[PDB]
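Structure in structure tokens, see below.
Going by the order they are written in, the chains are A, B, C, D and E; count residues from 1 in each one.
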Amino acid sequence: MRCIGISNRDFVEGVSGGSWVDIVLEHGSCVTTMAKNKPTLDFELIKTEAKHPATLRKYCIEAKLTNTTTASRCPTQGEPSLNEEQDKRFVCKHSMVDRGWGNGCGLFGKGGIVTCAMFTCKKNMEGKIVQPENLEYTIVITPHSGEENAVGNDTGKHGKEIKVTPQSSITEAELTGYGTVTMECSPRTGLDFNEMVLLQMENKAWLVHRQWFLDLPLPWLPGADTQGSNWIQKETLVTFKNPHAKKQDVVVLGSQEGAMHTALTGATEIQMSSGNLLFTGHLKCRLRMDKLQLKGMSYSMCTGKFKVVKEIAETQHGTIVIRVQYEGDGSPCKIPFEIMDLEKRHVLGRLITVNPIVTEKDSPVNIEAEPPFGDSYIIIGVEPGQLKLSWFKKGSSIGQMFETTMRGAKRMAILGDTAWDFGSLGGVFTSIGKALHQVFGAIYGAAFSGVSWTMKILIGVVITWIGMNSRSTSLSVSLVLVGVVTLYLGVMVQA
Amino acid sequence: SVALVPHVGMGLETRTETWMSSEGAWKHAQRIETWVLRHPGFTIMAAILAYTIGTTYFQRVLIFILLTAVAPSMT
Amino acid sequence: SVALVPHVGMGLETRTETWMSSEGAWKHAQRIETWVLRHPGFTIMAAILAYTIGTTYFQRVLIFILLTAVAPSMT
Amino acid sequence: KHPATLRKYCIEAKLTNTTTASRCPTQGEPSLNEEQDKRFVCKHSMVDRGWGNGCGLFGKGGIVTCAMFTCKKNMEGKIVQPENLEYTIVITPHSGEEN
Amino acid sequence: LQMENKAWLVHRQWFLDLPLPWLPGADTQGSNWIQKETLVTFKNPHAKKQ
């Protein structure tokens, strides 16, 4: 019931022989899974946590210069010497100034000069790392129990919470009245945490790329540093000025907080203020339906009269949800719900809230269904007195197919070969497609890493034109396909 | 500057929104447009150079686009 | 950001050393070199595409240079 | 001499008074009284709405969030009239002597 | 252009093209910054909150 109301919602139907279904649990979305004679479940990844991160490097984003000193030597007499040059807390530079009789030299050449100032760091951009073993994932499983407040309720008071960690491959959640659900997740194969950094800068965090982070042009410290004064790339945060070949000076070159904020464009923000929480990424799990048993099975049908306590509302995915109350003698009974055609001779709509039941006479069970496109009747209750509600679903089967194709393409865009695990039930075609996707995705990621969407669009246009102007039919079609896929990805990348 | 090395093409993008996706989606194209408006003269000469070098309109147009996109960048 | 419009080709230049003139002179080329080293895959594709598009060797080299210079910066 | 400012840019700011207005789907974009305020920075977005949000229509409900923009650091852009320049020049002859 | 005890001489069109929020210059109380959107970011991860 928690998935009702969420825009990024996925319906998974069926379980493989052996009654397991493989689903991917992205952050910000959720998955509803339906199987014959199995309860409908709502799965949402609501929390990723990284524990005990290790500092990999501290960057300096705001410094200060003090104790500036200079030394000069007459022309041809070599370099000047400064005692501060020995210390690495001092950033120093050698240069030439005009010397002569006027400034105390017997010669009239370019005298060497050295300017040294002490570099002190005022703000840090610490970047931490996490081993995939300390990667607690949190999942909430809520059955489609039909409870009054269950629909779209993120409070989670009525949904079981399971923590997935690499230490235990199998997670068991007992759903009261629905048996036990078994998830076998792969916390190690989601975000590659051994190739990413938890970059924390002034009460903000970002999940960045390890190499990108190590390539940042700022003063830094190795991360194990304790004195915190031997900044390495200090020349990136200081200016040495010799305006007229007369005098050399050193300035500290501002604060780089805003520059870093601009540099972090394209990096997803995270919460490292307390706990290093991540609310991004996915988690591929294998769902075990073996021990899932419908609640309210072995109940008698409800023969009494039902009333609608909240009119039918249509969700964003073509499934309606209605709330009905019961007034009859057999309180714990199962609701006679059907979606017929206008003649009432064909059952057109499928029930998402499979096997609705009236647990309490006074409790307004709410239930979801997927009506067919066009006119239909929602019949609730048995004939003596029964609700007959008319519904019209806008759209089409062709439109739904197009939307499903677009959603699958988008899933293949955010995920790589992992899109082939979202609803797979074994399958030789699925495995072959995932392998081909792995190879093609390797080639594509190699050929397009570190490029913006505009460059991807330009490359796709160029490749499409090249294919269009190829006199080899095979190569022409292949190039056009590659170019169109590149254009689609460039359109769909970012955020 | 760090601002010249953003985190865009790192290949870690999820369905979750990124740091400045809305803002930074068109910032570069806006910059190119503004630069081309403020410096028309380089645009005409880049068009002339592309037309001369490019033997086919595809080559000429591609060269002009690349020149115009790269001139503000180094700038 | 402001850092992306770095007051370079505005005239107004004199004998006196400008601000950050020692570093900004070559930092762009250093950045492009680092990008090309960190992303070998794209450079190969750029060379292949330039060879396909460029009729002569002058056009091919020009297109390849423009592509590899605009790939990181356009980011 | 006598520079005149023509623009004062903000290089560092802060936000203090964040507020949000939310509207159910098909009800149009919401409004905050502080959108009229020029010291507030505002944005219109859309969020998922439904029974769980206390809405009742299951759609994209427009949302508006505003915060007060306060500058903490600015850079002046003073200008000077060309008539106010003054060039100082030193003319020294080769007398071969000292002051 | 004067910025925190450091001043530069810059082109006027370049100065007027800077993407930062600005005041008219006669403004004596702030409170009417123009491009405030250039110095802030609105984040709506998924569609829960802005």
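Heads up, the rule we're going with is that a contact is a pair of C-beta atoms (placed from the backbone, for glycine too) under 8 Å apart; a residue touches a chain by one contact, two chains touch by 3 or more.
Chain identities (UniProt): A = Genome polyprotein.
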item	value
Chain-chain pair with the highest tally of contacting C-beta pairs	A-B
Geometric centre distance via CA averages, subunit B-subunit A (Genome polyprotein), whole Å	28
Computed distance of Cα centres, subunit E from subunit A (Genome polyprotein), in Å	31
Where subunit D touches two or more other chains, by residue	11, 48, 60
Contacts with 2+ other chains: residues of subunit C	1, 3, 5, 19, 35, 39, 53, 70, 72, 74-75
Chains grouped in pairs wherever the two touch, ordered by label	A-B, A-C, A-D, A-E, B-C, B-E, C-E, D-E
Complex interface listing, subunit A (Genome polyprotein) residues touching subunit D	2, 4-7, 151-154, 258, 310, 313-316, 321
Touching residues on subunit B, where the partner in the complex is subunit C	1, 3-6, 8-9, 27-28, 31, 39, 53-56, 58-59, 62-63, 66-67, 69-70, 73-75
Subunit A (Genome polyprotein)-touching residues of subunit E, taken from the complex the two chains share	6, 41, 43, 45-48
Of all residues in subunit D, those that touch subunit A (Genome polyprotein) in their complex	11-12, 48-53, 56-60
Touching residues (chain side subunit A (Genome polyprotein), partner subunit B) in the complex	8, 26-29, 191, 196, 206-209, 212, 215-218, 256, 259-269, 279-282, 414, 445, 448-454, 458, 462, 465, 469, 493-495
